[PDB]
>>> print(open('structure_29.pdb').read())   # PDB, C-alpha atoms and all ligand atoms
ATOM      1  CA  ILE A  19     -12.656 -72.131  78.608  1.00  0.00           C
ATOM      2  CA  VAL A  20     -15.886 -74.099  79.198  1.00  0.00           C
ATOM      3  CA  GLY A  21     -18.815 -73.774  76.783  1.00  0.00           C
ATOM      4  CA  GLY A  22     -16.896 -71.550  74.381  1.00  0.00           C
ATOM      5  CA  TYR A  23     -15.773 -71.888  70.779  1.00  0.00           C
ATOM      6  CA  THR A  24     -12.582 -72.332  68.772  1.00  0.00           C
ATOM      7  CA  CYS A  25     -11.303 -68.763  68.227  1.00  0.00           C
ATOM      8  CA  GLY A  26      -9.531 -69.396  64.935  1.00  0.00           C
ATOM      9  CA  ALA A  27      -5.752 -69.350  64.486  1.00  0.00           C
ATOM     10  CA  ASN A  28      -4.233 -65.988  65.442  1.00  0.00           C
ATOM     11  CA  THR A  29      -7.597 -64.183  65.659  1.00  0.00           C
ATOM     12  CA  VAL A  30      -6.676 -63.050  69.192  1.00  0.00           C
ATOM     13  CA  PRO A  31      -3.216 -61.620  68.402  1.00  0.00           C
ATOM     14  CA  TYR A  32      -2.567 -60.214  71.910  1.00  0.00           C
ATOM     15  CA  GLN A  33      -3.089 -63.622  73.576  1.00  0.00           C
ATOM     16  CA  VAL A  34       0.127 -65.125  74.931  1.00  0.00           C
ATOM     17  CA  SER A  35       0.960 -68.489  76.456  1.00  0.00           C
ATOM     18  CA  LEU A  36       3.372 -68.479  79.394  1.00  0.00           C
ATOM     19  CA  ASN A  37       5.563 -71.575  79.147  1.00  0.00           C
ATOM     20  CA  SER A  38       7.872 -73.213  81.716  1.00  0.00           C
ATOM     21  CA  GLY A  39       8.312 -76.495  79.824  1.00  0.00           C
ATOM     22  CA  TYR A  40       4.547 -76.520  79.242  1.00  0.00           C
ATOM     23  CA  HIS A  41       1.711 -73.989  79.036  1.00  0.00           C
ATOM     24  CA  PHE A  42       0.760 -72.868  82.556  1.00  0.00           C
ATOM     25  CA  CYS A  43      -0.934 -69.467  82.147  1.00  0.00           C
ATOM     26  CA  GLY A  44      -2.273 -66.929  79.702  1.00  0.00           C
ATOM     27  CA  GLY A  45      -1.236 -63.310  79.319  1.00  0.00           C
ATOM     28  CA  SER A  46      -1.825 -60.216  77.190  1.00  0.00           C
ATOM     29  CA  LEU A  47       0.750 -58.388  75.055  1.00  0.00           C
ATOM     30  CA  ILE A  48       0.400 -54.648  75.787  1.00  0.00           C
ATOM     31  CA  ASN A  49       3.422 -53.402  73.831  1.00  0.00           C
ATOM     32  CA  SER A  50       6.431 -54.823  71.950  1.00  0.00           C
ATOM     33  CA  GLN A  51       8.283 -55.719  75.181  1.00  0.00           C
ATOM     34  CA  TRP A  52       5.651 -56.118  77.944  1.00  0.00           C
ATOM     35  CA  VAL A  53       3.004 -58.686  78.899  1.00  0.00           C
ATOM     36  CA  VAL A  54       0.269 -58.366  81.536  1.00  0.00           C
ATOM     37  CA  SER A  55      -0.824 -61.491  83.414  1.00  0.00           C
ATOM     38  CA  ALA A  56      -2.092 -62.557  86.865  1.00  0.00           C
ATOM     39  CA  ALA A  57       0.157 -62.363  89.936  1.00  0.00           C
ATOM     40  CA  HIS A  58      -0.934 -65.911  90.816  1.00  0.00           C
ATOM     41  CA  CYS A  59       0.860 -66.939  87.582  1.00  0.00           C
ATOM     42  CA  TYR A  60       4.194 -65.752  88.985  1.00  0.00           C
ATOM     43  CA  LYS A  61       7.139 -68.128  88.635  1.00  0.00           C
ATOM     44  CA  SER A  62      10.758 -67.943  87.491  1.00  0.00           C
ATOM     45  CA  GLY A  63      12.026 -69.237  84.133  1.00  0.00           C
ATOM     46  CA  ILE A  64       9.115 -67.972  82.034  1.00  0.00           C
ATOM     47  CA  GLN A  65       9.223 -68.111  78.235  1.00  0.00           C
ATOM     48  CA  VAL A  66       6.559 -65.979  76.562  1.00  0.00           C
ATOM     49  CA  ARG A  67       4.997 -67.613  73.511  1.00  0.00           C
ATOM     50  CA  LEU A  68       3.368 -65.222  71.059  1.00  0.00           C
ATOM     51  CA  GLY A  69       1.510 -65.996  67.827  1.00  0.00           C
ATOM     52  CA  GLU A  70       0.266 -69.336  69.165  1.00  0.00           C
ATOM     53  CA  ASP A  71      -2.778 -71.273  68.141  1.00  0.00           C
ATOM     54  CA  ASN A  72      -1.973 -74.961  68.671  1.00  0.00           C
ATOM     55  CA  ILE A  73       0.420 -74.862  71.655  1.00  0.00           C
ATOM     56  CA  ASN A  74       1.725 -78.377  70.849  1.00  0.00           C
ATOM     57  CA  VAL A  75       2.604 -77.755  67.169  1.00  0.00           C
ATOM     58  CA  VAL A  76       4.931 -75.210  65.546  1.00  0.00           C
ATOM     59  CA  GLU A  77       2.599 -73.713  62.932  1.00  0.00           C
ATOM     60  CA  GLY A  78       4.741 -70.821  61.625  1.00  0.00           C
ATOM     61  CA  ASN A  79       3.630 -67.593  63.326  1.00  0.00           C
ATOM     62  CA  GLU A  80       5.176 -68.121  66.764  1.00  0.00           C
ATOM     63  CA  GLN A  81       7.654 -65.915  68.547  1.00  0.00           C
ATOM     64  CA  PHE A  82       9.239 -67.442  71.660  1.00  0.00           C
ATOM     65  CA  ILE A  83      10.886 -64.805  73.870  1.00  0.00           C
ATOM     66  CA  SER A  84      12.244 -65.366  77.393  1.00  0.00           C
ATOM     67  CA  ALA A  85      11.231 -63.016  80.218  1.00  0.00           C
ATOM     68  CA  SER A  86      13.984 -60.700  81.517  1.00  0.00           C
ATOM     69  CA  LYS A  87      12.002 -59.632  84.585  1.00  0.00           C
ATOM     70  CA  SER A  88       8.661 -60.070  86.293  1.00  0.00           C
ATOM     71  CA  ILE A  89       6.960 -57.532  88.540  1.00  0.00           C
ATOM     72  CA  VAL A  90       4.144 -58.721  90.782  1.00  0.00           C
ATOM     73  CA  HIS A  91       1.869 -55.900  91.945  1.00  0.00           C
ATOM     74  CA  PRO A  92       3.221 -54.353  95.161  1.00  0.00           C
ATOM     75  CA  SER A  93      -0.058 -55.067  97.022  1.00  0.00           C
ATOM     76  CA  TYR A  94      -0.786 -58.567  95.690  1.00  0.00           C
ATOM     77  CA  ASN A  95      -2.305 -60.769  98.399  1.00  0.00           C
ATOM     78  CA  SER A  96      -2.232 -64.464  97.449  1.00  0.00           C
ATOM     79  CA  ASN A  97      -4.819 -65.417 100.101  1.00  0.00           C
ATOM     80  CA  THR A  98      -7.570 -63.029  98.929  1.00  0.00           C
ATOM     81  CA  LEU A  99      -6.222 -62.590  95.359  1.00  0.00           C
ATOM     82  CA  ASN A 100      -6.654 -58.832  95.745  1.00  0.00           C
ATOM     83  CA  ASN A 101      -4.455 -57.020  93.184  1.00  0.00           C
ATOM     84  CA  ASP A 102      -3.969 -60.169  91.086  1.00  0.00           C
ATOM     85  CA  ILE A 103      -1.827 -58.575  88.378  1.00  0.00           C
ATOM     86  CA  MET A 104       1.769 -58.917  87.175  1.00  0.00           C
ATOM     87  CA  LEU A 105       3.958 -57.422  84.445  1.00  0.00           C
ATOM     88  CA  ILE A 106       6.515 -59.454  82.491  1.00  0.00           C
ATOM     89  CA  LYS A 107       9.231 -57.795  80.395  1.00  0.00           C
ATOM     90  CA  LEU A 108      10.542 -59.650  77.340  1.00  0.00           C
ATOM     91  CA  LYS A 109      14.292 -60.041  76.769  1.00  0.00           C
ATOM     92  CA  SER A 110      13.793 -58.718  73.227  1.00  0.00           C
ATOM     93  CA  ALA A 111      11.024 -56.750  71.521  1.00  0.00           C
ATOM     94  CA  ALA A 112       8.394 -58.837  69.754  1.00  0.00           C
ATOM     95  CA  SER A 113       8.021 -58.210  66.032  1.00  0.00           C
ATOM     96  CA  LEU A 114       4.501 -56.801  65.829  1.00  0.00           C
ATOM     97  CA  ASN A 115       2.311 -57.840  62.902  1.00  0.00           C
ATOM     98  CA  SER A 116      -1.316 -58.828  62.155  1.00  0.00           C
ATOM     99  CA  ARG A 117      -0.998 -62.049  64.207  1.00  0.00           C
ATOM    100  CA  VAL A 118       1.152 -60.720  67.061  1.00  0.00           C
ATOM    101  CA  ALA A 119      -0.279 -57.410  68.236  1.00  0.00           C
ATOM    102  CA  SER A 120      -0.644 -55.437  71.446  1.00  0.00           C
ATOM    103  CA  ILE A 121      -4.022 -54.818  73.087  1.00  0.00           C
ATOM    104  CA  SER A 122      -4.961 -51.297  74.222  1.00  0.00           C
ATOM    105  CA  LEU A 123      -5.186 -50.507  77.924  1.00  0.00           C
ATOM    106  CA  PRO A 124      -8.461 -48.911  79.002  1.00  0.00           C
ATOM    107  CA  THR A 125      -8.725 -45.174  79.676  1.00  0.00           C
ATOM    108  CA  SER A 126     -12.200 -45.810  81.113  1.00  0.00           C
ATOM    109  CA  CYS A 127     -13.518 -48.713  83.198  1.00  0.00           C
ATOM    110  CA  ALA A 128     -16.187 -50.974  81.675  1.00  0.00           C
ATOM    111  CA  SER A 129     -19.779 -51.128  82.920  1.00  0.00           C
ATOM    112  CA  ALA A 130     -21.918 -54.135  83.811  1.00  0.00           C
ATOM    113  CA  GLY A 131     -23.659 -55.463  80.687  1.00  0.00           C
ATOM    114  CA  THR A 132     -20.819 -54.688  78.281  1.00  0.00           C
ATOM    115  CA  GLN A 133     -19.852 -57.730  76.230  1.00  0.00           C
ATOM    116  CA  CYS A 134     -16.283 -59.023  76.298  1.00  0.00           C
ATOM    117  CA  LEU A 135     -14.098 -61.703  74.738  1.00  0.00           C
ATOM    118  CA  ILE A 136     -12.391 -64.100  77.136  1.00  0.00           C
ATOM    119  CA  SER A 137      -9.797 -66.515  75.767  1.00  0.00           C
ATOM    120  CA  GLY A 138      -7.336 -69.242  76.718  1.00  0.00           C
ATOM    121  CA  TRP A 139      -5.991 -72.784  76.573  1.00  0.00           C
ATOM    122  CA  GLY A 140      -7.575 -73.845  79.879  1.00  0.00           C
ATOM    123  CA  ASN A 141      -9.773 -76.809  80.783  1.00  0.00           C
ATOM    124  CA  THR A 142     -12.904 -77.154  78.623  1.00  0.00           C
ATOM    125  CA  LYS A 143     -14.846 -79.369  81.079  1.00  0.00           C
ATOM    126  CA  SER A 144     -16.803 -78.222  84.156  1.00  0.00           C
ATOM    127  CA  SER A 145     -16.637 -81.639  85.882  1.00  0.00           C
ATOM    128  CA  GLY A 146     -13.930 -83.695  84.179  1.00  0.00           C
ATOM    129  CA  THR A 147     -10.674 -82.599  82.568  1.00  0.00           C
ATOM    130  CA  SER A 148      -9.783 -81.929  78.933  1.00  0.00           C
ATOM    131  CA  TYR A 149      -7.166 -79.458  77.741  1.00  0.00           C
ATOM    132  CA  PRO A 150      -7.435 -78.108  74.201  1.00  0.00           C
ATOM    133  CA  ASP A 151      -4.467 -77.625  71.937  1.00  0.00           C
ATOM    134  CA  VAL A 152      -5.950 -74.615  70.104  1.00  0.00           C
ATOM    135  CA  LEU A 153      -7.115 -71.307  71.564  1.00  0.00           C
ATOM    136  CA  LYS A 154     -10.685 -71.221  72.892  1.00  0.00           C
ATOM    137  CA  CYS A 155     -12.923 -68.152  73.100  1.00  0.00           C
ATOM    138  CA  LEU A 156     -16.002 -67.109  75.066  1.00  0.00           C
ATOM    139  CA  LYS A 157     -18.192 -64.050  74.623  1.00  0.00           C
ATOM    140  CA  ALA A 158     -19.474 -62.980  78.039  1.00  0.00           C
ATOM    141  CA  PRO A 159     -21.010 -59.912  79.686  1.00  0.00           C
ATOM    142  CA  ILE A 160     -19.649 -58.127  82.727  1.00  0.00           C
ATOM    143  CA  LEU A 161     -21.986 -58.729  85.663  1.00  0.00           C
ATOM    144  CA  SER A 162     -23.162 -56.069  88.110  1.00  0.00           C
ATOM    145  CA  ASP A 163     -20.998 -55.558  91.193  1.00  0.00           C
ATOM    146  CA  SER A 164     -24.018 -56.342  93.406  1.00  0.00           C
ATOM    147  CA  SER A 165     -24.647 -59.710  91.694  1.00  0.00           C
ATOM    148  CA  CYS A 166     -20.901 -60.424  91.844  1.00  0.00           C
ATOM    149  CA  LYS A 167     -20.777 -59.683  95.590  1.00  0.00           C
ATOM    150  CA  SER A 168     -23.949 -61.751  96.184  1.00  0.00           C
ATOM    151  CA  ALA A 169     -22.369 -64.702  94.333  1.00  0.00           C
ATOM    152  CA  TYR A 170     -19.210 -64.524  96.476  1.00  0.00           C
ATOM    153  CA  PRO A 171     -20.079 -62.980  99.862  1.00  0.00           C
ATOM    154  CA  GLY A 172     -17.125 -61.321 101.608  1.00  0.00           C
ATOM    155  CA  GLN A 173     -14.689 -61.906  98.719  1.00  0.00           C
ATOM    156  CA  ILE A 174     -15.161 -59.323  95.932  1.00  0.00           C
ATOM    157  CA  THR A 175     -12.970 -56.230  96.286  1.00  0.00           C
ATOM    158  CA  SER A 176     -12.990 -53.001  94.285  1.00  0.00           C
ATOM    159  CA  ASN A 177     -10.193 -54.544  92.158  1.00  0.00           C
ATOM    160  CA  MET A 178     -12.374 -57.429  90.954  1.00  0.00           C
ATOM    161  CA  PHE A 179     -15.369 -57.959  88.720  1.00  0.00           C
ATOM    162  CA  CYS A 180     -17.497 -60.913  87.669  1.00  0.00           C
ATOM    163  CA  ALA A 181     -18.161 -61.809  84.059  1.00  0.00           C
ATOM    164  CA  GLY A 182     -20.105 -64.694  82.560  1.00  0.00           C
ATOM    165  CA  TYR A 183     -23.448 -66.348  83.217  1.00  0.00           C
ATOM    166  CA  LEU A 184     -25.177 -66.982  86.557  1.00  0.00           C
ATOM    167  CA  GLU A 185     -26.980 -69.967  84.997  1.00  0.00           C
ATOM    168  CA  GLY A 186     -23.566 -71.643  84.483  1.00  0.00           C
ATOM    169  CA  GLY A 187     -22.364 -73.629  81.459  1.00  0.00           C
ATOM    170  CA  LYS A 188     -20.038 -70.927  80.097  1.00  0.00           C
ATOM    171  CA  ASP A 189     -16.926 -69.765  81.966  1.00  0.00           C
ATOM    172  CA  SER A 190     -13.149 -69.534  82.095  1.00  0.00           C
ATOM    173  CA  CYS A 191     -11.371 -72.400  83.867  1.00  0.00           C
ATOM    174  CA  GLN A 192      -8.055 -73.847  85.106  1.00  0.00           C
ATOM    175  CA  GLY A 193      -5.216 -72.920  82.737  1.00  0.00           C
ATOM    176  CA  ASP A 194      -6.966 -69.757  81.512  1.00  0.00           C
ATOM    177  CA  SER A 195      -5.350 -67.938  84.478  1.00  0.00           C
ATOM    178  CA  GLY A 196      -3.704 -64.628  83.569  1.00  0.00           C
ATOM    179  CA  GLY A 197      -5.478 -64.412  80.208  1.00  0.00           C
ATOM    180  CA  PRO A 198      -7.427 -61.506  78.684  1.00  0.00           C
ATOM    181  CA  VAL A 199     -10.931 -60.162  79.042  1.00  0.00           C
ATOM    182  CA  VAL A 200     -11.245 -57.708  76.140  1.00  0.00           C
ATOM    183  CA  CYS A 201     -14.262 -55.402  75.754  1.00  0.00           C
ATOM    184  CA  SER A 202     -14.640 -53.031  72.778  1.00  0.00           C
ATOM    185  CA  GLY A 203     -10.937 -53.410  71.954  1.00  0.00           C
ATOM    186  CA  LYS A 204      -9.670 -52.678  75.489  1.00  0.00           C
ATOM    187  CA  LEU A 205      -8.126 -55.037  78.062  1.00  0.00           C
ATOM    188  CA  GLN A 206     -10.565 -54.724  80.973  1.00  0.00           C
ATOM    189  CA  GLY A 207      -9.879 -57.979  82.823  1.00  0.00           C
ATOM    190  CA  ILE A 208      -7.417 -60.708  83.738  1.00  0.00           C
ATOM    191  CA  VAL A 209      -8.571 -64.285  84.443  1.00  0.00           C
ATOM    192  CA  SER A 210      -8.141 -64.471  88.229  1.00  0.00           C
ATOM    193  CA  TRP A 211     -10.328 -66.922  90.164  1.00  0.00           C
ATOM    194  CA  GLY A 212     -13.679 -68.590  90.739  1.00  0.00           C
ATOM    195  CA  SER A 213     -15.254 -71.586  92.415  1.00  0.00           C
ATOM    196  CA  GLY A 214     -14.845 -74.434  89.973  1.00  0.00           C
ATOM    197  CA  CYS A 215     -15.913 -73.590  86.404  1.00  0.00           C
ATOM    198  CA  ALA A 216     -19.273 -72.949  84.753  1.00  0.00           C
ATOM    199  CA  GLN A 217     -21.209 -73.771  87.935  1.00  0.00           C
ATOM    200  CA  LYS A 218     -24.546 -72.088  88.611  1.00  0.00           C
ATOM    201  CA  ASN A 219     -24.176 -68.779  90.502  1.00  0.00           C
ATOM    202  CA  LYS A 220     -20.366 -69.037  90.446  1.00  0.00           C
ATOM    203  CA  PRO A 221     -19.163 -66.914  87.524  1.00  0.00           C
ATOM    204  CA  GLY A 222     -15.504 -66.153  86.857  1.00  0.00           C
ATOM    205  CA  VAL A 223     -13.830 -63.359  88.809  1.00  0.00           C
ATOM    206  CA  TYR A 224     -11.451 -61.019  86.991  1.00  0.00           C
ATOM    207  CA  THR A 225      -8.828 -58.445  87.942  1.00  0.00           C
ATOM    208  CA  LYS A 226     -10.184 -54.968  87.186  1.00  0.00           C
ATOM    209  CA  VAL A 227      -7.428 -53.703  84.868  1.00  0.00           C
ATOM    210  CA  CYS A 228      -8.615 -50.077  84.622  1.00  0.00           C
ATOM    211  CA  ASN A 229      -7.591 -49.652  88.292  1.00  0.00           C
ATOM    212  CA  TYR A 230      -3.978 -50.502  87.366  1.00  0.00           C
ATOM    213  CA  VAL A 231      -3.268 -48.481  84.203  1.00  0.00           C
ATOM    214  CA  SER A 232      -1.374 -45.770  86.119  1.00  0.00           C
ATOM    215  CA  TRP A 233       0.791 -48.415  87.815  1.00  0.00           C
ATOM    216  CA  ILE A 234       1.347 -50.219  84.503  1.00  0.00           C
ATOM    217  CA  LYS A 235       2.397 -47.047  82.678  1.00  0.00           C
ATOM    218  CA  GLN A 236       4.763 -45.768  85.370  1.00  0.00           C
ATOM    219  CA  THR A 237       6.290 -49.243  85.837  1.00  0.00           C
ATOM    220  CA  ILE A 238       6.953 -49.573  82.095  1.00  0.00           C
ATOM    221  CA  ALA A 239       8.425 -46.032  82.039  1.00  0.00           C
ATOM    222  CA  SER A 240      11.118 -46.947  84.615  1.00  0.00           C
ATOM    223  CA  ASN A 241      11.908 -50.590  83.781  1.00  0.00           C
TER
HETATM  224  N1  LIG B 301     -12.682 -70.584  87.805  1.00  0.00           N
HETATM  225  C1  LIG B 301     -12.899 -69.779  86.853  1.00  0.00           C
HETATM  226  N2  LIG B 301     -14.152 -69.406  86.629  1.00  0.00           N
HETATM  227  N3  LIG B 301     -11.928 -69.301  86.062  1.00  0.00           N
HETATM  228  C2  LIG B 301     -10.535 -69.691  86.146  1.00  0.00           C
HETATM  229  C3  LIG B 301      -9.808 -69.023  87.304  1.00  0.00           C
HETATM  230  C4  LIG B 301      -8.502 -69.738  87.634  1.00  0.00           C
HETATM  231  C5  LIG B 301      -8.745 -71.096  88.254  1.00  0.00           C
HETATM  232  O1  LIG B 301      -9.832 -71.416  88.711  1.00  0.00           O
HETATM  233  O2  LIG B 301      -7.760 -71.980  88.310  1.00  0.00           O
HETATM  234 CA    CA B 302       2.184 -73.461  68.010  1.00  0.00          CA
END
>>> encode(input="structure_29.pdb", output="structure tokens")
Amino acid sequence: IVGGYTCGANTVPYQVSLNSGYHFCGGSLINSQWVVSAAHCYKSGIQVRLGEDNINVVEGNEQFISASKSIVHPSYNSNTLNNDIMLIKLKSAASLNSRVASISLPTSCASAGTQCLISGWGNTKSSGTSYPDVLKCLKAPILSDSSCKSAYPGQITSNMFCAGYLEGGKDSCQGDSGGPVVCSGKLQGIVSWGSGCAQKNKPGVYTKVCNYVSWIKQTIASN
């Protein structure tokens, strides 16, 4: 997260870190045994780390649970990043509490102008490189589909939206991949792609989660 702020320990209780020896992606806890992330975060040997603030220090609220299975969206295209969404099932149910909690799926899509909370452990620099240990947060509005399409000609599908600031300075970044965009208590987005971070006229692009709720629910019901 570039140009954001320190969230505060466990203030984003649905935020997960996906770990394969090291943090490599974010994710969102959606019930006691399932996490939503980006398909571009797919790999084998994932351990889901819940209740994290400082990802390099055991602080006392963590739950580490290995993934039993991952399900990349059936129509995920890694070249275009269309349908950039994946479900991860935990080997055991997380113990839900005030600091480890699921985030509600939307029943309605969000409109341009609505304010959202974007979070992660990604790069905090737009030019250089610095990775934070504690969770970073950014409040950002959803941008109009027309401004999103104008920013990235030929690249924005109906399964994507832009959020952030066309003036630059404030954005998600490398390592925030797969993490949440939460608006009015609903998971509306997944950190998907961009062109660098926090650059003028190049806001972050996010998977449009409301398009996938039916798939998420039916997948959970049979797995
Ligand atoms: N680039 C932005 N704005 N956000 C992060 C997307 C994932 C990435 O670039 O590695
Ligand atoms: Ca920790």
>>> residues_around(input="structure_29.pdb", residues="residue A:175", least_positions_apart="2", cutoff="12 Å", atoms="all atoms listed in the file", output="number ranges by chain")
A: 95, 98-102, 163-164, 166-167, 170-173, 177-180, 223-226, 229
>>> atom_distance(input="structure_29.pdb", atom1="atom CA of residue A:234", atom2="atom CA of residue A:104")
9.1 Å
>>> residues_near_ligand(input="structure_29.pdb", ligand="ligand CA 302 (chain B)", cutoff="12 Å", atoms="only C-alpha atoms and all ligand atoms", output="MDAnalysis selection string")
chainID A and resid 27:28 34:35 37 40:41 67:82 139 151:153
>>> write_last_selection(input="structure_29.pdb", atoms="C-alpha atoms", output="short mmCIF file (atom, residue, chain, number, x, y, z; two decimals), keeping the file's coordinate frame")
data_model
loop_
_atom_site.label_atom_id
_atom_site.label_comp_id
_atom_site.auth_asym_id
_atom_site.auth_seq_id
_atom_site.Cartn_x
_atom_site.Cartn_y
_atom_site.Cartn_z
CA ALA A 27 -5.75 -69.35 64.49
CA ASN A 28 -4.23 -65.99 65.44
CA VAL A 34 0.13 -65.12 74.93
CA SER A 35 0.96 -68.49 76.46
CA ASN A 37 5.56 -71.58 79.15
CA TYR A 40 4.55 -76.52 79.24
CA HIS A 41 1.71 -73.99 79.04
CA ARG A 67 5.00 -67.61 73.51
CA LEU A 68 3.37 -65.22 71.06
CA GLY A 69 1.51 -66.00 67.83
CA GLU A 70 0.27 -69.34 69.17
CA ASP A 71 -2.78 -71.27 68.14
CA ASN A 72 -1.97 -74.96 68.67
CA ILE A 73 0.42 -74.86 71.66
CA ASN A 74 1.72 -78.38 70.85
CA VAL A 75 2.60 -77.76 67.17
CA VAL A 76 4.93 -75.21 65.55
CA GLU A 77 2.60 -73.71 62.93
CA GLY A 78 4.74 -70.82 61.62
CA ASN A 79 3.63 -67.59 63.33
CA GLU A 80 5.18 -68.12 66.76
CA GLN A 81 7.65 -65.92 68.55
CA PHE A 82 9.24 -67.44 71.66
CA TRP A 139 -5.99 -72.78 76.57
CA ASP A 151 -4.47 -77.62 71.94
CA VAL A 152 -5.95 -74.61 70.10
CA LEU A 153 -7.12 -71.31 71.56
#
>>> residues_near_ligand(input="structure_29.pdb", ligand="ligand LIG 301 (chain B)", cutoff="10 Å", atoms="only C-alpha atoms and all ligand atoms", output="short mmCIF file (atom, residue, chain, number, x, y, z; two decimals) with C-alpha atoms, keeping the file's coordinate frame")
data_model
loop_
_atom_site.label_atom_id
_atom_site.label_comp_id
_atom_site.auth_asym_id
_atom_site.auth_seq_id
_atom_site.Cartn_x
_atom_site.Cartn_y
_atom_site.Cartn_z
CA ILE A 19 -12.66 -72.13 78.61
CA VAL A 20 -15.89 -74.10 79.20
CA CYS A 43 -0.93 -69.47 82.15
CA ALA A 56 -2.09 -62.56 86.86
CA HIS A 58 -0.93 -65.91 90.82
CA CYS A 59 0.86 -66.94 87.58
CA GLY A 138 -7.34 -69.24 76.72
CA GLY A 140 -7.58 -73.84 79.88
CA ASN A 141 -9.77 -76.81 80.78
CA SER A 144 -16.80 -78.22 84.16
CA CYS A 180 -17.50 -60.91 87.67
CA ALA A 181 -18.16 -61.81 84.06
CA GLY A 182 -20.10 -64.69 82.56
CA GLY A 186 -23.57 -71.64 84.48
CA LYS A 188 -20.04 -70.93 80.10
CA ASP A 189 -16.93 -69.76 81.97
CA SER A 190 -13.15 -69.53 82.10
CA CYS A 191 -11.37 -72.40 83.87
CA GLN A 192 -8.06 -73.85 85.11
CA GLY A 193 -5.22 -72.92 82.74
CA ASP A 194 -6.97 -69.76 81.51
CA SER A 195 -5.35 -67.94 84.48
CA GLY A 196 -3.70 -64.63 83.57
CA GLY A 197 -5.48 -64.41 80.21
CA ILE A 208 -7.42 -60.71 83.74
CA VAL A 209 -8.57 -64.28 84.44
CA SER A 210 -8.14 -64.47 88.23
CA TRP A 211 -10.33 -66.92 90.16
CA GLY A 212 -13.68 -68.59 90.74
CA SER A 213 -15.25 -71.59 92.42
CA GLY A 214 -14.84 -74.43 89.97
CA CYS A 215 -15.91 -73.59 86.40
CA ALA A 216 -19.27 -72.95 84.75
CA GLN A 217 -21.21 -73.77 87.94
CA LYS A 220 -20.37 -69.04 90.45
CA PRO A 221 -19.16 -66.91 87.52
CA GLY A 222 -15.50 -66.15 86.86
CA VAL A 223 -13.83 -63.36 88.81
CA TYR A 224 -11.45 -61.02 86.99
#
>>> residues_around(input="structure_29.pdb", residues="residue A:111", least_positions_apart="2", cutoff="8 Å", atoms="all atoms listed in the file", output="MDAnalysis selection string")
chainID A and resid 50:51 108:109 113
>>> write_last_selection(input="structure_29.pdb", atoms="C-alpha atoms", output="PDB file, in the frame of the given file")
ATOM      1  CA  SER A  50       6.431 -54.823  71.950  1.00  0.00           C
ATOM      2  CA  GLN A  51       8.283 -55.719  75.181  1.00  0.00           C
ATOM      3  CA  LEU A 108      10.542 -59.650  77.340  1.00  0.00           C
ATOM      4  CA  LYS A 109      14.292 -60.041  76.769  1.00  0.00           C
ATOM      5  CA  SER A 113       8.021 -58.210  66.032  1.00  0.00           C
TER       6      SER A 113
END
>>> atom_distance(input="structure_29.pdb", atom1="atom CA of residue A:23", atom2="atom CA of residue A:156")
6.4 Å
>>> atom_distance(input="structure_29.pdb", atom1="atom CA of residue A:198", atom2="atom CA of residue A:47")
9.5 Å
>>> decode(input="structure_29.pdb", residues="stretch 88-96 of chain A", atoms="N, CA, C and O atoms", output="short mmCIF file (atom, residue, chain, number, x, y, z; two decimals), in the first residue's frame")
data_model
loop_
_atom_site.label_atom_id
_atom_site.label_comp_id
_atom_site.auth_asym_id
_atom_site.auth_seq_id
_atom_site.Cartn_x
_atom_site.Cartn_y
_atom_site.Cartn_z
N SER A 88 -7.30 -25.55 -3.25
CA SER A 88 -7.45 -24.26 -3.88
C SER A 88 -8.27 -24.45 -5.14
O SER A 88 -8.15 -25.48 -5.81
N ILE A 89 -9.12 -23.48 -5.44
CA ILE A 89 -9.95 -23.53 -6.63
C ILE A 89 -9.84 -22.19 -7.35
O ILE A 89 -10.40 -21.19 -6.90
N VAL A 90 -9.08 -22.18 -8.44
CA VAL A 90 -8.99 -21.04 -9.32
C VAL A 90 -10.27 -20.97 -10.14
O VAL A 90 -10.83 -22.01 -10.52
N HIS A 91 -10.76 -19.76 -10.39
CA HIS A 91 -11.99 -19.59 -11.17
C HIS A 91 -11.89 -20.35 -12.49
O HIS A 91 -10.83 -20.33 -13.14
N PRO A 92 -12.98 -21.02 -12.90
CA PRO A 92 -12.91 -21.81 -14.13
C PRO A 92 -12.49 -21.03 -15.38
O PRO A 92 -11.89 -21.61 -16.29
N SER A 93 -12.79 -19.73 -15.42
CA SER A 93 -12.53 -18.89 -16.59
C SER A 93 -11.37 -17.91 -16.40
O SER A 93 -11.22 -16.96 -17.17
N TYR A 94 -10.53 -18.14 -15.39
CA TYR A 94 -9.38 -17.28 -15.17
C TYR A 94 -8.45 -17.31 -16.38
O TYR A 94 -8.04 -18.38 -16.84
N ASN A 95 -8.12 -16.12 -16.89
CA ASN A 95 -7.15 -15.95 -17.96
C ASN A 95 -5.97 -15.14 -17.42
O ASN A 95 -6.12 -13.96 -17.10
N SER A 96 -4.82 -15.78 -17.31
CA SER A 96 -3.63 -15.15 -16.72
C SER A 96 -3.01 -14.06 -17.59
O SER A 96 -2.26 -13.22 -17.09
#
